[PDB]
Amino acid sequence: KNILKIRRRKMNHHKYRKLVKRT
Amino acid sequence: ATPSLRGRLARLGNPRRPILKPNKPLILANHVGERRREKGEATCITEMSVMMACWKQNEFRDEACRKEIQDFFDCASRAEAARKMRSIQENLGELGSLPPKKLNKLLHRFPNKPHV
Amino acid sequence: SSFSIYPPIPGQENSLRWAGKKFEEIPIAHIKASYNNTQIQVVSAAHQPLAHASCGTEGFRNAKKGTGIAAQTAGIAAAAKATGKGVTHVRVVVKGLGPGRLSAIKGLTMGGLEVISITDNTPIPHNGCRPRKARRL
Amino acid sequence: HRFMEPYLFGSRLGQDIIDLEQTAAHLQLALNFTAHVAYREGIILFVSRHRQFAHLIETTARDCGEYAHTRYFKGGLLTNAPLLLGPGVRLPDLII
Amino acid sequence: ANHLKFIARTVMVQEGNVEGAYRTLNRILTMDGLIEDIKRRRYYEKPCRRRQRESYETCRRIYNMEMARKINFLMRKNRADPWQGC
Amino acid sequence: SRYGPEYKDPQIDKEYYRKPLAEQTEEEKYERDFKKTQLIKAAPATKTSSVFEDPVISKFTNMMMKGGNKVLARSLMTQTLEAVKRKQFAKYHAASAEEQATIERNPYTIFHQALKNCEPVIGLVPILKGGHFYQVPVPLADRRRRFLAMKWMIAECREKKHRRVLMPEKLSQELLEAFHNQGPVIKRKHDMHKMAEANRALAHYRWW
RNA sequence: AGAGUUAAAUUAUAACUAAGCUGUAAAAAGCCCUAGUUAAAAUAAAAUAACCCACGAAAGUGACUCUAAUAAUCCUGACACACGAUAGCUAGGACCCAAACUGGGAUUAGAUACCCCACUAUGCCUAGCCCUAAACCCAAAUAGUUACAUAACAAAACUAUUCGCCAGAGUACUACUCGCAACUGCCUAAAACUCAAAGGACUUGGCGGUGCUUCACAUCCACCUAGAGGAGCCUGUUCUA
RNA sequence: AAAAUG
Ligand SMILES: [Mg+2]
Ligand SMILES: [Mg+2]
Ligand SMILES: [Mg+2]
Ligand SMILES: [Mg+2]
Ligand SMILES: [Mg+2]
Ligand SMILES: [Mg+2]
Ligand SMILES: [Mg+2]
Ligand SMILES: [Mg+2]
Ligand SMILES: [Mg+2]
Ligand SMILES: [Mg+2]
Ligand SMILES: [Mg+2]
Ligand SMILES: [Mg+2]
Ligand SMILES: [Mg+2]
Ligand SMILES: [Mg+2]
Ligand SMILES: [Mg+2]
Ligand SMILES: [Mg+2]
Ligand SMILES: [Mg+2]
Ligand SMILES: [Mg+2]
Ligand SMILES: [Mg+2]
Ligand SMILES: [Mg+2]
Ligand SMILES: [Mg+2]
Ligand SMILES: [Mg+2]
Ligand SMILES: [Mg+2]
Ligand SMILES: [Mg+2]
Ligand SMILES: [Mg+2]
Ligand SMILES: [Mg+2]
Ligand SMILES: [Mg+2]
Ligand SMILES: [Mg+2]
């Protein structure tokens with residue numbers, strides 16, 4: 001249910017953190 | 001005595017932090033849980049040990065000691081008897097309360113009223 | 001026959017004897033029943049080790065020494081080594097909660113020792129050292 | 001019950017007491033209404049689910065010449081009359 | 001360590017009965033809560049899990065005590081029904 | 001399955017019926033047995049009222065039969081008992097006065113003692129724990145123990161003999177060996193006992 | 001918020017005994033300067049009481065003692081002021097034990113994971129920062145009512161005065177601005193473009209390597225018998241032709 | 001204990 005949106009935001013934050021670490 | 005319930009749950013009128021956090025609503029049901037069947041365990045490992053002590057000491061022969069062989073079969077017989085008789089004896093009566101099949105019927109005669 | 005389960009503390013003037021000795025002179029059987037091993041050591045009242053026997057010393061192996069049978073055999077051998085030095089009564093002191101707890105206790109009786117008292121000296125820290133993390137993450 | 005407040009006299013040490021003034025005032029009309037239906041050739045049925053005096057209810061109804069129901073009440077008894085009782089039946093004109 | 005030994009958690013055997021003395025000692029620890037305390041202290045539990053365990057145990061205890069109270073209240077109606085057939 | 005649940009097992013013992021008046025506890029059962037209008041199954045052809053037949057002999061004959069040839073198995077029992085008898089008689093007549101008071105001439109007693117000697121005490125059951133099979137020692141029932149004792153000898157005599165060796169002669173050898181506890185079936189038994197003693201520590205896996 | 005103290009366990013350290021100790025479903029690795037018992041400072045944490053529900057504005061607080069002490073003759077109110085769990089940063093001190101990371105050993109086709117062992121940052125004290133949480137009891141503050149009245153579930157439905165927010169979803173706890181002892185950061189916070197949906201609760205099936213009771217009677221195991229898969233032949237398939 | 005995909 002709400003875990004779908006929570007996981008979407010979690011994935012977005014994880015990808016943003018990986019991008020920040022790479023660049 | 002029953003533990004207190006005032007000021008425990010989170011409600012509109014409760015001003016303080018909730019104390020108890022129920023997984024399911026604390027409504028007394030109309031049926032009790034079915035009695036749990038006990039998990040079995042191996043029998044007379046102790047007498048099996050003294051049976052095998054004769055075999056380890058006397059080079060694995062039954063003519064050396066005969067009582068340690070006979071009491072092992074005595075254990076086999078008594079364990080089979082306890083497996084057969086008690087499987088019905090413990091399911092018939094509890095000696096402390098009523099069987100669940102009678103308990104559910106007793107509770108259904110005087111059920112709880114969460115509504116109205 | 002007024003019998004009390006409370007220990008005979010030396011402070012009182014009670015008259016109880018076991019093989020002619022007081023409760024303060026009867027040897028001790030320290031029995032550490034861990035989750036993977038059971039170690040039995042018989043010391044005297046003067047804290048002199050007399051007999052020592054454990055499931056590891058009984059010729060057992062990694063997982064076979066954790067069963068109650070290994071504890072019973074260790075108790076039997078510890079009882080034999082204790083009787084070798086001329087002891088009749090002992091006070092069992094159980095340390096830790098494990099599978100070889102009662103089995104190694106009855107091992108002394110099977111090996112030829114009389115148990116007069118059982119004391120549960122289990123380590124119960126009042127939130128002292130922090131234990132290890134929980135398994136099955 | 002919350003709707004028995006006007007029909008009570010008070011509470012005698014936890015036990016509520018019903019005043020009999022309004023009991024008699026209601027019972028006069030109750031008996032008058034019950035008697036008028038019987039006078040005008042009406043079907044009167046005594047419904048009562050209580051396993052202590054049920055025998056007394058059927059005896060009273062048989063002596064009265066009216067009908068009684070003290071057993072387990074079926075589902076579509078009064079609603080699904082053309083099926084539970086018969087093809088075409090007459091519904092009870094009064095229920096006690 | 002600093003206390004005198006052989007006073008706490010000690011049970012004296014009567015007439016050589018060791019198996020029953022051990023059961024008495026085990027009852028002492030279970031009814032004082034030491035067995036569950038040892039099994040809980042084997043592995044550390046976080047405070048978040050401790051609060052959940054306490055809440056679940058208290059709710060379960062309240063439900064069990066209320067169910068037992070209702071059972072004991074309704075034990076009187078266990079008698080054979082004398083109005084069978086009504 | 002042609003016999004209904006009301007059909008009971010017959011009783012072949014003549015002495016059971018010939019003396020009804022000597023006891024009352026057993027008197028109280030057989031009058032109800034037939035007053036309850038209970039049906040009785042037909043007596044099997046293999047079991048009769050003979051005084052020279054034994055249930056053990058019949059079982060061992062049944063276990064040897066291959067296919068459905070019962071007369072061949074009955075014969076094989078005939079020559080097995082005859083060969084045991086004649087070998088024991090040849091040994092009887094070649095000894096001094098002291099050994100004839102000990103050497104047994106009875107094939108039935110020799111066979112029964114051989115089975116008792118070959119009967120194992122404890123057996124092994126494979127228990128699956130942690131994805132692996134462990135040989136847990138378990139006490140065996142009387143019927144299981146006797147079945148193992150019988151089957152081990154039958155299997156040994158079937159395979160470990162020369163083609164020129166006949167079944168009754170090989171069985172006569174192994175019967176006398178198992179009577180004195182020197183046969184390979186005793187070795188098989190002791191192997192099972194040793195393999196149970198080696199895994200005694202694994203007996204906690206059993207839950208019955 | 002300061003100052004002082006430690007009951008149990010644990011350990012550095014000595015003495016007697018043993019060859020093993022730890023470790024898991026099972027093992028291996030590790031330690032044999034190991035293990036049990038008798039004595040033992042320093043550090044860390046504070047069984048039962050607690051089936052108690054108190055204090056503090058919140059975060060948070062329940063080993064003991066002492067001092068200071070818990071605003072408002074009591075409405076709401078910020079971008080202003082002061083706090084703000086854990087995690088993280090700097091300097092000095094401490095380090096029993098636990099543990100990111102790491103190195104070995106298990107399992108797996110792979111396992112840089114769950115399982116075992118050792119250890120570091122860290123958890124500890126003082127000073128200075130960082131200002132984030134599922135900071136949730138997802139229910140704003142102040143005085144009230146049980147009147148009308150159940151979308152669904154859940155903690156029942158609502159008044160009067162206010163403050164802060166809410167304009168489809170993804171983009172997006174994002175880019176660009178301002179400010180901040182924060183420089184892989186925090187707060188505020190879009191647009192281009194894509195779609196006609198995105199969402200909350202529920203009913204019934206189906207499933208569950210969730211859990212609990214009764215079972216399997218040729219049936220799953222425990223167990224019995226005779227065979228297939230090995231050879232030749234017959235015959236039926238898939239392949240080449 | 002173990003155990004992926006359609
Ligand atoms: Mg995304
Ligand atoms: Mg408060
Ligand atoms: Mg829930
Ligand atoms: Mg439920
Ligand atoms: Mg997690
Ligand atoms: Mg301070
Ligand atoms: Mg101390
Ligand atoms: Mg130090
Ligand atoms: Mg190794
Ligand atoms: Mg404390
Ligand atoms: Mg105040
Ligand atoms: Mg204000
Ligand atoms: Mg902070
Ligand atoms: Mg910090
Ligand atoms: Mg460190
Ligand atoms: Mg560590
Ligand atoms: Mg690794
Ligand atoms: Mg919080
Ligand atoms: Mg919120
Ligand atoms: Mg506000
Ligand atoms: Mg509805
Ligand atoms: Mg938008
Ligand atoms: Mg964030
Ligand atoms: Mg940002
Ligand atoms: Mg089959
Ligand atoms: Mg064939
Ligand atoms: Mg073939
Ligand atoms: Mg794939």
# chains A, B, ... in the order shown; residues from 1 in each chain; ligands from 1
>>> residues_near_ligand(ligand="ligand 17", cutoff="10 Å", atoms="only C-alpha atoms (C1' of nucleotides) and all ligand atoms", output="ChimeraX atom specification")
/G:102-106,111-113
>>> write_last_selection(atoms="C-alpha atoms (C1' of nucleotides)", output="PDB file, in the first residue's frame")
ATOM      1  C1'   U G 102      37.812  -5.467   7.235  1.00  0.00           C
ATOM      2  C1'   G G 103      40.253 -10.572   7.324  1.00  0.00           C
ATOM      3  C1'   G G 104      39.346 -15.760   7.783  1.00  0.00           C
ATOM      4  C1'   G G 105      35.545 -20.263   8.014  1.00  0.00           C
ATOM      5  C1'   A G 106      30.634 -22.228   6.490  1.00  0.00           C
ATOM      6  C1'   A G 111      27.209 -14.809  -1.549  1.00  0.00           C
ATOM      7  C1'   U G 112      31.752  -8.895  -1.770  1.00  0.00           C
ATOM      8  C1'   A G 113      24.407 -11.559   2.819  1.00  0.00           C
TER       9        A G 113
END
>>> closest_atom_pairs(of="chain F", to="chain C", cutoff="10 Å", atoms="only C-alpha atoms", output="CSV")
residue,atom,partner,partner_atom,distance
F:199,CA,C:64,CA,8.8
F:200,CA,C:69,CA,8.1
F:201,CA,C:64,CA,5.5
F:202,CA,C:64,CA,7.2
F:203,CA,C:69,CA,8.9
F:204,CA,C:67,CA,7.3
>>> write_last_selection(atoms="N, CA and C atoms", output="CSV table (one decimal), in the first residue's frame")
chain,number,residue,atom,x,y,z
F,199,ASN,N,26.3,-43.9,16.9
F,199,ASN,CA,25.4,-42.8,16.8
F,199,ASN,C,24.5,-42.6,17.9
F,200,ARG,N,24.7,-43.3,19.0
F,200,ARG,CA,24.0,-43.1,20.3
F,200,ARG,C,23.7,-41.6,20.6
F,201,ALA,N,24.7,-40.8,20.3
F,201,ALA,CA,24.6,-39.4,20.6
F,201,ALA,C,23.6,-38.7,19.7
F,202,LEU,N,23.2,-39.3,18.6
F,202,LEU,CA,22.2,-38.8,17.7
F,202,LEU,C,20.8,-39.2,18.0
F,203,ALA,N,20.6,-39.9,19.1
F,203,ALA,CA,19.3,-40.4,19.5
F,203,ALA,C,18.3,-39.4,20.0
F,204,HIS,N,18.8,-38.1,20.2
F,204,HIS,CA,17.9,-37.1,20.6
F,204,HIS,C,17.1,-36.5,19.5
>>> atom_distance(atom1="atom CA of residue 43 of chain D", atom2="atom CA of residue 63 of chain D")
14.5 Å
>>> residues_near_ligand(ligand="ligand 9", cutoff="12 Å", atoms="only C-alpha atoms (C1' of nucleotides) and all ligand atoms", output="PyMOL selection string")
(chain C and resi 61-62) or (chain G and resi 20-23+27-32+105+117)
>>> residues_around(residues="segment 52-61 of chain F", least_positions_apart="2", cutoff="9 Å", atoms="only C-alpha atoms (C1' of nucleotides)", output="ChimeraX atom specification")
/F:46-50,63-65,70,73-74,76-77,108,111-112,150-151,154
>>> write_last_selection(atoms="N, CA, C and O atoms", output="PDB file, in the first residue's frame")
ATOM      1  N   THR F  46      -3.157 -72.463   5.360  1.00  0.00           N
ATOM      2  CA  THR F  46      -1.806 -72.661   5.875  1.00  0.00           C
ATOM      3  C   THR F  46      -1.807 -72.988   7.365  1.00  0.00           C
ATOM      4  O   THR F  46      -0.893 -73.661   7.853  1.00  0.00           O
ATOM      5  N   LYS F  47      -2.816 -72.527   8.101  1.00  0.00           N
ATOM      6  CA  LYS F  47      -2.886 -72.749   9.538  1.00  0.00           C
ATOM      7  C   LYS F  47      -3.913 -73.829   9.852  1.00  0.00           C
ATOM      8  O   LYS F  47      -5.086 -73.706   9.487  1.00  0.00           O
ATOM      9  N   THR F  48      -3.467 -74.882  10.535  1.00  0.00           N
ATOM     10  CA  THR F  48      -4.314 -76.000  10.925  1.00  0.00           C
ATOM     11  C   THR F  48      -4.140 -76.262  12.417  1.00  0.00           C
ATOM     12  O   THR F  48      -3.487 -75.497  13.134  1.00  0.00           O
ATOM     13  N   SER F  49      -4.732 -77.360  12.886  1.00  0.00           N
ATOM     14  CA  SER F  49      -4.663 -77.754  14.286  1.00  0.00           C
ATOM     15  C   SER F  49      -3.560 -78.767  14.553  1.00  0.00           C
ATOM     16  O   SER F  49      -3.614 -79.476  15.565  1.00  0.00           O
ATOM     17  N   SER F  50      -2.571 -78.857  13.669  1.00  0.00           N
ATOM     18  CA  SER F  50      -1.489 -79.810  13.849  1.00  0.00           C
ATOM     19  C   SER F  50      -0.660 -79.460  15.078  1.00  0.00           C
ATOM     20  O   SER F  50      -0.466 -78.289  15.414  1.00  0.00           O
ATOM     21  N   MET F  63       8.129 -66.727   3.900  1.00  0.00           N
ATOM     22  CA  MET F  63       9.116 -65.752   3.453  1.00  0.00           C
ATOM     23  C   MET F  63      10.042 -66.292   2.368  1.00  0.00           C
ATOM     24  O   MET F  63      10.527 -65.502   1.550  1.00  0.00           O
ATOM     25  N   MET F  64      10.301 -67.604   2.333  1.00  0.00           N
ATOM     26  CA  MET F  64      11.124 -68.178   1.273  1.00  0.00           C
ATOM     27  C   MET F  64      10.397 -68.324  -0.058  1.00  0.00           C
ATOM     28  O   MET F  64      11.060 -68.384  -1.099  1.00  0.00           O
ATOM     29  N   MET F  65       9.067 -68.393  -0.058  1.00  0.00           N
ATOM     30  CA  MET F  65       8.330 -68.717  -1.274  1.00  0.00           C
ATOM     31  C   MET F  65       8.533 -67.614  -2.307  1.00  0.00           C
ATOM     32  O   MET F  65       8.373 -66.428  -1.999  1.00  0.00           O
ATOM     33  N   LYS F  70       4.074 -72.660  -3.270  1.00  0.00           N
ATOM     34  CA  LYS F  70       4.136 -73.007  -1.855  1.00  0.00           C
ATOM     35  C   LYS F  70       4.696 -74.402  -1.618  1.00  0.00           C
ATOM     36  O   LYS F  70       5.347 -74.636  -0.592  1.00  0.00           O
ATOM     37  N   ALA F  73       8.523 -74.365  -1.365  1.00  0.00           N
ATOM     38  CA  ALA F  73       8.994 -73.861  -0.076  1.00  0.00           C
ATOM     39  C   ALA F  73       8.745 -74.861   1.049  1.00  0.00           C
ATOM     40  O   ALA F  73       9.592 -75.020   1.941  1.00  0.00           O
ATOM     41  N   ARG F  74       7.592 -75.531   1.034  1.00  0.00           N
ATOM     42  CA  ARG F  74       7.347 -76.578   2.017  1.00  0.00           C
ATOM     43  C   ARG F  74       8.375 -77.693   1.891  1.00  0.00           C
ATOM     44  O   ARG F  74       8.881 -78.194   2.907  1.00  0.00           O
ATOM     45  N   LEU F  76      11.458 -77.284   0.716  1.00  0.00           N
ATOM     46  CA  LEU F  76      12.732 -76.738   1.177  1.00  0.00           C
ATOM     47  C   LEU F  76      12.827 -76.747   2.701  1.00  0.00           C
ATOM     48  O   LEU F  76      13.895 -77.047   3.248  1.00  0.00           O
ATOM     49  N   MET F  77      11.720 -76.468   3.403  1.00  0.00           N
ATOM     50  CA  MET F  77      11.677 -76.729   4.845  1.00  0.00           C
ATOM     51  C   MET F  77      11.873 -78.200   5.183  1.00  0.00           C
ATOM     52  O   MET F  77      12.584 -78.516   6.148  1.00  0.00           O
ATOM     53  N   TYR F 108      13.703 -78.238  15.638  1.00  0.00           N
ATOM     54  CA  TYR F 108      12.827 -77.125  15.987  1.00  0.00           C
ATOM     55  C   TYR F 108      13.452 -76.239  17.057  1.00  0.00           C
ATOM     56  O   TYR F 108      13.459 -75.007  16.926  1.00  0.00           O
ATOM     57  N   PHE F 111      16.425 -74.352  15.516  1.00  0.00           N
ATOM     58  CA  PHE F 111      15.958 -73.244  14.686  1.00  0.00           C
ATOM     59  C   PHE F 111      15.466 -72.075  15.530  1.00  0.00           C
ATOM     60  O   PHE F 111      15.794 -70.914  15.246  1.00  0.00           O
ATOM     61  N   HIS F 112      14.678 -72.358  16.570  1.00  0.00           N
ATOM     62  CA  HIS F 112      14.192 -71.280  17.425  1.00  0.00           C
ATOM     63  C   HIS F 112      15.333 -70.578  18.149  1.00  0.00           C
ATOM     64  O   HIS F 112      15.347 -69.342  18.225  1.00  0.00           O
ATOM     65  N   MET F 150      14.868 -63.131  10.658  1.00  0.00           N
ATOM     66  CA  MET F 150      14.507 -64.101   9.630  1.00  0.00           C
ATOM     67  C   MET F 150      15.008 -63.671   8.251  1.00  0.00           C
ATOM     68  O   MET F 150      15.621 -64.470   7.520  1.00  0.00           O
ATOM     69  N   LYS F 151      14.768 -62.405   7.896  1.00  0.00           N
ATOM     70  CA  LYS F 151      15.133 -61.897   6.580  1.00  0.00           C
ATOM     71  C   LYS F 151      16.640 -61.879   6.372  1.00  0.00           C
ATOM     72  O   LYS F 151      17.105 -62.147   5.259  1.00  0.00           O
ATOM     73  N   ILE F 154      17.647 -65.437   5.476  1.00  0.00           N
ATOM     74  CA  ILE F 154      17.170 -65.817   4.148  1.00  0.00           C
ATOM     75  C   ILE F 154      17.998 -65.132   3.066  1.00  0.00           C
ATOM     76  O   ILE F 154      18.442 -65.775   2.103  1.00  0.00           O
TER      77      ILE F 154
END
>>> interface_residues(of="chain D", to="chain E", cutoff="8 Å", atoms="only C-alpha atoms", output="NGL selection string")
:D and (51-55 or 71)
>>> residues_near_ligand(ligand="ligand 21", cutoff="12 Å", atoms="only C-alpha atoms (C1' of nucleotides) and all ligand atoms", output="PyMOL selection string")
chain G and resi 150-153+201-203
>>> write_last_selection(atoms="N, CA, C and O atoms (P, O5', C5', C4', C3', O3' and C1' of nucleotides)", output="PDB file, in the first residue's frame")
ATOM      1  P     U G 150     -27.014   7.488  10.630  1.00  0.00           P
ATOM      2  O5'   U G 150     -25.521   7.039  10.954  1.00  0.00           O
ATOM      3  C5'   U G 150     -24.493   7.157   9.980  1.00  0.00           C
ATOM      4  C4'   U G 150     -23.152   6.771  10.553  1.00  0.00           C
ATOM      5  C3'   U G 150     -22.058   6.454   9.545  1.00  0.00           C
ATOM      6  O3'   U G 150     -21.421   7.615   9.040  1.00  0.00           O
ATOM      7  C1'   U G 150     -22.114   4.776  11.214  1.00  0.00           C
ATOM      8  P     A G 151     -21.566   8.017   7.490  1.00  0.00           P
ATOM      9  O5'   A G 151     -20.585   7.017   6.730  1.00  0.00           O
ATOM     10  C5'   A G 151     -19.762   7.478   5.667  1.00  0.00           C
ATOM     11  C4'   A G 151     -19.790   6.538   4.486  1.00  0.00           C
ATOM     12  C3'   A G 151     -19.093   5.199   4.678  1.00  0.00           C
ATOM     13  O3'   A G 151     -19.911   4.244   5.334  1.00  0.00           O
ATOM     14  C1'   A G 151     -18.382   6.165   2.644  1.00  0.00           C
ATOM     15  P     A G 152     -19.397   3.512   6.670  1.00  0.00           P
ATOM     16  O5'   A G 152     -18.149   2.649   6.186  1.00  0.00           O
ATOM     17  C5'   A G 152     -18.324   1.461   5.426  1.00  0.00           C
ATOM     18  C4'   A G 152     -16.996   0.846   5.068  1.00  0.00           C
ATOM     19  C3'   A G 152     -16.046   0.615   6.235  1.00  0.00           C
ATOM     20  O3'   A G 152     -16.294  -0.608   6.906  1.00  0.00           O
ATOM     21  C1'   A G 152     -14.902   1.750   4.513  1.00  0.00           C
ATOM     22  P     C G 153     -16.117  -0.710   8.500  1.00  0.00           P
ATOM     23  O5'   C G 153     -14.539  -0.712   8.715  1.00  0.00           O
ATOM     24  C5'   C G 153     -13.736  -1.775   8.225  1.00  0.00           C
ATOM     25  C4'   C G 153     -12.270  -1.431   8.278  1.00  0.00           C
ATOM     26  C3'   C G 153     -11.724  -1.048   9.644  1.00  0.00           C
ATOM     27  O3'   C G 153     -11.416  -2.168  10.456  1.00  0.00           O
ATOM     28  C1'   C G 153     -11.004   0.531   8.049  1.00  0.00           C
ATOM     29  P     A G 201      -5.150   1.132   2.690  1.00  0.00           P
ATOM     30  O5'   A G 201      -6.665   0.762   3.007  1.00  0.00           O
ATOM     31  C5'   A G 201      -7.309   1.271   4.164  1.00  0.00           C
ATOM     32  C4'   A G 201      -8.801   1.071   4.096  1.00  0.00           C
ATOM     33  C3'   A G 201      -9.269  -0.344   3.802  1.00  0.00           C
ATOM     34  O3'   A G 201      -9.260  -1.187   4.939  1.00  0.00           O
ATOM     35  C1'   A G 201     -10.436   1.162   2.419  1.00  0.00           C
ATOM     36  P     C G 202      -8.982  -2.759   4.764  1.00  0.00           P
ATOM     37  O5'   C G 202     -10.286  -3.304   4.029  1.00  0.00           O
ATOM     38  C5'   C G 202     -11.561  -3.203   4.644  1.00  0.00           C
ATOM     39  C4'   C G 202     -12.684  -3.384   3.653  1.00  0.00           C
ATOM     40  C3'   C G 202     -12.847  -4.775   3.066  1.00  0.00           C
ATOM     41  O3'   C G 202     -13.503  -5.667   3.947  1.00  0.00           O
ATOM     42  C1'   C G 202     -13.034  -3.157   1.349  1.00  0.00           C
ATOM     43  P     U G 203     -13.233  -7.245   3.840  1.00  0.00           P
ATOM     44  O5'   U G 203     -14.122  -7.698   2.601  1.00  0.00           O
ATOM     45  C5'   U G 203     -15.538  -7.595   2.639  1.00  0.00           C
ATOM     46  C4'   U G 203     -16.159  -8.262   1.440  1.00  0.00           C
ATOM     47  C3'   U G 203     -15.547  -9.597   1.050  1.00  0.00           C
ATOM     48  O3'   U G 203     -16.088 -10.671   1.798  1.00  0.00           O
ATOM     49  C1'   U G 203     -15.758  -8.225  -0.871  1.00  0.00           C
TER      50        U G 203
END
>>> residues_near_ligand(ligand="ligand 18", cutoff="8 Å", atoms="only C-alpha atoms (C1' of nucleotides) and all ligand atoms", output="VMD selection string")
chain G and resid 59 85 135 to 136
>>> write_last_selection(atoms="N, CA and C atoms (P, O5', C5', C4', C3', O3' and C1' of nucleotides)", output="PDB file, in the first residue's frame")
ATOM      1  P     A G  59       8.646  13.056  23.470  1.00  0.00           P
ATOM      2  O5'   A G  59      10.152  13.039  22.951  1.00  0.00           O
ATOM      3  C5'   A G  59      10.449  12.936  21.566  1.00  0.00           C
ATOM      4  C4'   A G  59      11.894  13.267  21.288  1.00  0.00           C
ATOM      5  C3'   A G  59      12.923  12.385  21.981  1.00  0.00           C
ATOM      6  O3'   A G  59      13.161  11.166  21.298  1.00  0.00           O
ATOM      7  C1'   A G  59      13.496  14.648  22.304  1.00  0.00           C
ATOM      8  P     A G  85      19.371  15.202  20.902  1.00  0.00           P
ATOM      9  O5'   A G  85      19.169  13.649  21.170  1.00  0.00           O
ATOM     10  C5'   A G  85      18.250  13.197  22.153  1.00  0.00           C
ATOM     11  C4'   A G  85      17.826  11.777  21.890  1.00  0.00           C
ATOM     12  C3'   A G  85      18.916  10.851  21.380  1.00  0.00           C
ATOM     13  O3'   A G  85      19.719  10.352  22.435  1.00  0.00           O
ATOM     14  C1'   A G  85      16.917  10.539  20.127  1.00  0.00           C
ATOM     15  P     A G 135       9.212   7.979  14.358  1.00  0.00           P
ATOM     16  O5'   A G 135       8.553   9.425  14.448  1.00  0.00           O
ATOM     17  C5'   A G 135       9.279  10.579  14.057  1.00  0.00           C
ATOM     18  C4'   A G 135       9.527  11.496  15.229  1.00  0.00           C
ATOM     19  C3'   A G 135       8.677  12.754  15.287  1.00  0.00           C
ATOM     20  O3'   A G 135       7.386  12.526  15.822  1.00  0.00           O
ATOM     21  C1'   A G 135      10.937  13.316  15.667  1.00  0.00           C
ATOM     22  P     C G 136       6.102  13.221  15.151  1.00  0.00           P
ATOM     23  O5'   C G 136       5.006  12.066  15.130  1.00  0.00           O
ATOM     24  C5'   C G 136       4.202  11.801  16.275  1.00  0.00           C
ATOM     25  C4'   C G 136       3.697  10.379  16.286  1.00  0.00           C
ATOM     26  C3'   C G 136       4.722   9.325  16.705  1.00  0.00           C
ATOM     27  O3'   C G 136       4.054   8.265  17.386  1.00  0.00           O
ATOM     28  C1'   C G 136       3.965   8.858  14.523  1.00  0.00           C
TER      29        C G 136
END
>>> closest_residue(among="B:86, B:115, B:105, B:39", to="chain E", atoms="only C-alpha atoms")
B:105
>>> residues_around(residues="residue 33 of chain D", least_positions_apart="2", cutoff="12 Å", atoms="only C-alpha atoms (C1' of nucleotides)", output="compact mmCIF listing (two decimals) with N, CA and C atoms, in the first residue's frame")
# COMPACT_ATOMS: atom_id res chain seq x y z
N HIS D 26 -49.64 1.46 31.06
CA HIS D 26 -49.39 0.76 29.81
C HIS D 26 -50.19 -0.54 29.72
N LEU D 27 -50.35 -1.25 30.84
CA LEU D 27 -51.00 -2.55 30.82
C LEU D 27 -52.50 -2.42 30.55
N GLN D 28 -53.13 -1.34 31.02
CA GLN D 28 -54.52 -1.10 30.67
C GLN D 28 -54.71 -1.05 29.16
N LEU D 29 -53.93 -0.21 28.47
CA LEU D 29 -54.00 -0.12 27.02
C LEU D 29 -53.59 -1.43 26.35
N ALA D 30 -52.58 -2.11 26.89
CA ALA D 30 -52.13 -3.37 26.32
C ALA D 30 -53.24 -4.41 26.33
N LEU D 31 -53.89 -4.59 27.49
CA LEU D 31 -54.98 -5.55 27.59
C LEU D 31 -56.18 -5.13 26.76
N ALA D 35 -57.59 -7.42 23.76
CA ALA D 35 -58.96 -7.91 23.78
C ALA D 35 -59.74 -7.47 22.54
N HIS D 36 -59.49 -6.25 22.04
CA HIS D 36 -60.21 -5.80 20.85
C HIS D 36 -59.88 -6.63 19.61
N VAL D 37 -58.61 -7.01 19.44
CA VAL D 37 -58.24 -7.84 18.29
C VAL D 37 -58.94 -9.19 18.36
N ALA D 38 -58.97 -9.80 19.55
CA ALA D 38 -59.69 -11.06 19.71
C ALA D 38 -61.18 -10.89 19.47
N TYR D 39 -61.76 -9.77 19.91
CA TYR D 39 -63.17 -9.50 19.66
C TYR D 39 -63.47 -9.39 18.17
N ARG D 40 -62.58 -8.76 17.41
CA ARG D 40 -62.78 -8.58 15.98
C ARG D 40 -62.23 -9.73 15.14
N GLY D 42 -59.35 -11.72 15.28
CA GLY D 42 -57.97 -11.52 14.89
C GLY D 42 -57.08 -12.64 15.39
N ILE D 44 -53.94 -13.99 17.13
CA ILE D 44 -53.04 -13.53 18.18
C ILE D 44 -52.04 -14.63 18.47
N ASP D 93 -52.38 -11.21 13.37
CA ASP D 93 -52.75 -9.81 13.50
C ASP D 93 -52.22 -9.17 14.78
N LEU D 94 -51.74 -9.96 15.74
CA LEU D 94 -51.17 -9.38 16.95
C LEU D 94 -50.12 -10.32 17.52
N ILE D 95 -49.02 -9.74 18.00
CA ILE D 95 -47.90 -10.51 18.55
C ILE D 95 -47.69 -10.10 20.00
N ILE D 96 -47.78 -11.06 20.91
CA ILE D 96 -47.53 -10.84 22.34
C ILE D 96 -46.15 -11.38 22.69
